[PDB]
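Counting neighbours? That spans all protein chains shown, and the Cβs are built from the backbone with ideal geometry, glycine included. Please treat every number below as a calculation from the coordinates, not as lab data.
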Amino acid sequence: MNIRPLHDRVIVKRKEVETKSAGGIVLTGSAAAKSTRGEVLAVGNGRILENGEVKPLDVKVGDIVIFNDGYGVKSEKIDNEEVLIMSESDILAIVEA
Amino acid sequence: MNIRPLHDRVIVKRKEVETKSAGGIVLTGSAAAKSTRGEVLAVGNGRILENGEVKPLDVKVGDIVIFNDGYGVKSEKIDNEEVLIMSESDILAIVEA
Amino acid sequence: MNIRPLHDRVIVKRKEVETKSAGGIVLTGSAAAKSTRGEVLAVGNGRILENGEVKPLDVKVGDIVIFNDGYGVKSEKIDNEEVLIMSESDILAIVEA
Amino acid sequence: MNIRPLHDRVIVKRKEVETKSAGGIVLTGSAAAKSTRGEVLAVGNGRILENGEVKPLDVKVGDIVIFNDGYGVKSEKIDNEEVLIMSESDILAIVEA
Amino acid sequence: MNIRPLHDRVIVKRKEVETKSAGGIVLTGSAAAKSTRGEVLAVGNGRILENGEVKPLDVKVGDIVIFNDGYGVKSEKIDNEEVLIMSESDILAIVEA
Amino acid sequence: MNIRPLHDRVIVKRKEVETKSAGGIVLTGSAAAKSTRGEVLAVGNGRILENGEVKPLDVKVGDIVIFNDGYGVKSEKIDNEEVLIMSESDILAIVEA
Amino acid sequence: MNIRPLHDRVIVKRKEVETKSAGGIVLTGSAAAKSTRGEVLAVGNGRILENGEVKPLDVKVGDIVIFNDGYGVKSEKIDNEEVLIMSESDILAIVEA
Amino acid sequence: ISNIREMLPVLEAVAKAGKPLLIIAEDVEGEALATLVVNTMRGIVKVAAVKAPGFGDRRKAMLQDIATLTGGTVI
């Protein structure tokens with residue numbers, strides 16, 4: 001079963017937990033931390049606020065995005081895959097080229 | 001007696017508490033947790049905010065939905081059935097196909 | 001003296017404290033709890049917010065309603081009858097048929 | 001010197017502290033409590049919010065009103081008389097007939 | 001140097017600290033308290049909020065006013081005179097006649 | 001390098017820390033306190049809020065102003081000179097003539 | 001991979017940690033502190049708030065800016081370069097000429 | 001060990017292999033232990049839980065010895 005986010009919501013999957021290479025050739029062993037990068041899988045319509053229709057989100061399905069792992073960030077299990085659900089507000093940037 | 005939610009309110013019933021199968025064949029015994037999935041039973045008109053009329057909700061009666069078990073989530077007893085009442089804001093997604 | 005609520009306010013009277021029958025034939029003795037159901041007695045004009053006139057409330061005098069016993073809920077004595085005063089926001093649903 | 005409230009403000013005087021009769025013929029001795037009822041003495045123009053002019057208040061000078069003794073409620077001394085100053089928001093109802 | 005308040009701001013000077021006479025002829029000795037009454041000395045243009053121009057304040061230079069000694073209330077020294085600076089919001093009433 | 005505040009922001013420099021003369025001829029030795037007075041050096045465009053354009057600030061470059069040393073007040077070093085950066089909201093008045 | 005901020009977001013890189021010269025010729029050894037100055041590298045479209053389109057930011061790519069190292073300020077690693085991501089709100093001024 | 005989480009990955013590969021599993025940890029407690037019971041009690045997997053032989057630095061020493069005799073890796 002594929003998911004369907006409810007407007008203003010973005011569904012992302014985390015990347016690699018401290019990809020073992022930071023600082024060059026050095027294999028940074030797990031130093032108690034996580035990953036802030038992720039990939040878009042599904043996008044809602046947009047924010048409802050201000051009444052006026054619904055403005056679309058600025059993220060297309062499949063961007064590599066940097067987000068803030070704040071409070072509004074929730075974790076879920078889909079087909080036994082590790083996924084995250086947050087709003088656009090919690091997304092900060094995109095990694096292009 | 002069937003219920004009638006008061007605009008912006010959604011009535012849902014929880015699913016299975018950690019359906020004993022997570023991770024494949026393994027029977028995950030109750031490890032102190034709950035279920036975040038539910039089914040829609042009744043839907044109010046919509047949000048009143050901004051004055052302008054009342055915009056309808058994006059959930060039809062009978063969707064399989066993922067929600068956040070936050071503070072705004074209340075529990076009730078109808079005909080001796082375990083039900084939940086929250087606003088659309090507390091609903092995060094839908095499980096389609 | 002009958003009461004007169006001040007716009008957006010609803011006057012309700014609680015029902016039976018854990019009506020002794022829950023779960024079927026079993027007489028659930030007072031297990032330290034209250035009732036969340038009530039009947040409408042009087043209704044104010046409506047919310048003033050947004051300037052634009054005053055939108056009427058969605059509750060008619062005499063509905064059986066489910067409410068949240070939150071903080072905004074106050075208790076009063078009228079003709080020696082136990083009554084409650086809260087806003088529409090604190091009301092969650094109606095019991096119809 | 002008679003007072004003059006500053007728009008949205010209402011000036012009221014408390015009634016009797018637990019009028020000794022509650023429950024019928026019984027003289028309820030002071031059980032550590034106060035009175036929630038009061039009489040209107042002076043009324044301001046109205047709320048300024050939303051820019052658009054100033055909407056008048058729904059209380060005329062001389063109503064018997066039920067209020068919430070919240071934080072916004074202040075106490076004052078006029079000609080040596082015990083008075084209260086709060087906003088319309090803190091007023092909940094009127095006692096008519 | 002006379003002062004000049006910055007829109008929505010009111011400059012007032014306190015009156016007498018528990019004028020020794022409360023309750024009639026009795027000289028109430030300083031019982032650890034202050035005065036809530038004051039006189040207007042200077043008035044700003046008005047509130048900017050809502051964009052639309054600037055609405056003037058409802059206090060003219062020289063009114064005897066009752067205010068709340070809240071947090072927004074600050075104390076200052078002008079020509080060696082004890083003065084107070086707060087917004088209109090902190091002012092509650094006027095003493096007329 | 002001269003500074004450039006970013007709309008709604010005001011750049012001021014503090015005056016004299018308890019100018020040793022308070023109360024007349026008496027030299028008030030440093031009694032653990034600071035100065036609340038300052039001079040304007042640079043002014044931003046204005047507040048953006050409400051969408052509609054940008055309303056200019058009510059302070060011209062070079063006024064003697066009284067401000068509140070709140071939280072929004074930050075301290076900086078420019079050419080080795082002690083300066084302060086806050087918003088117009090933190091400014092309370094002007095000293096004219 | 002060069003970055004792409006998500007409207008209202010600004011990407012900056014810190015300058016020198018207490019450039020060893022403060023107060024003139026004196027080499028201020030690291031006294032436990034950081035730098036508040038930075039350079040702009042990338043800028044988002046602008047704030048969405050108020051519905052009406054999207055107003056552009058007042059910072060062009062490459063300004064020397066003074067910011068507040070508040071909570072909304074996050075730290076990131078791009079091509080092994082130390083970068084910062086915050087909103088325009090956290091930026092206070094520009095260093096021109 | 002105290003959490004069933006860490007087990008799932010390996011407990012799974014053992015569940016689809018048929019063979020039983022002995023778990024020699026520093027300790028096994030919490031729901032982890034509690035669940036492990038319900039799993040063999042049903043016949044999902046056959047799994048045993050016993051503490052490690054020894055104490056302090058001697059424990060890890062002796063635990064390693066066991067790996068050698070059985071052809072496994074100390075996690």
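Assorted remarks:
- Residue match in the stretch C:12-23 (condition: closer than 24 Å to D:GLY38 by Cα and within 11 Å of another protein chain (Cβ to nearest Cβ)): no
- Residue count for the stretch G:30-62, restricted to those that are under 20 Å from A:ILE66 (Cβ atoms) and either outside any strand (DSSP E or B) or among the aliphatic types (A, V, I, L, M) (or both): 10.
- Sole exception among (1) farther than 17 Å from D:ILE78 by Cβ; (2) exposed (fewer than 14 other Cβ atoms within 10 Å of the Cβ) for E:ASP90, by number: (2)
- Residues that are under 13 Å from the mean Cα position of the chain (by Cα), of a type in the set (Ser, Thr, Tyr) and surrounded by fewer than 17 Cβ atoms within 10 Å (Cβ to Cβ) are absent from the stretch A:14-25.
- The single residue among G:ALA33, G:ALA42 that is away from chain A (no Cβ under 14 Å) and of a type in the set (A, V, I, L, M, F, W, C) turns out to be G:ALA33.
- Answer residue from the stretch A:1-11, given it is assigned to a strand (DSSP E or B) and closer than 30 Å to B:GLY52 by Cβ and is farthest from the other protein chains (Cβ to nearest Cβ) among those: A:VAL10
- Of the candidates A:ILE78, A:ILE85, A:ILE66, the single residue that is in contact (Cβ under 8 Å) with a residue 40 or more places away in the chain and within 9 Å of the chain's Cα centre (by Cα) is A:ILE85.
- Residues (over 24 Å from B:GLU53 (Cα atoms) and assigned to a strand (DSSP E or B)) located in the stretch C:85-97: C:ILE85, C:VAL95
- Top-ranked residue of the stretch C:60-87 - restricted to ones that are touching a helix residue (DSSP H, G or I) at 6+ places or on another chain (Cβ under 7 Å) and surrounded by 14 or more Cβ atoms within 10 Å (Cβ to Cβ), ranked as nearest to C:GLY38 (Cα to Cα): C:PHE67
- Scan of the stretch D:63-84 for residues that are in contact with an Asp or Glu (Cβ under 6 Å, 6 or more places away or on another chain), part of a strand (DSSP E or B) and more than 12 Å from chain C (Cβ to nearest Cβ), ordered by number: D:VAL83
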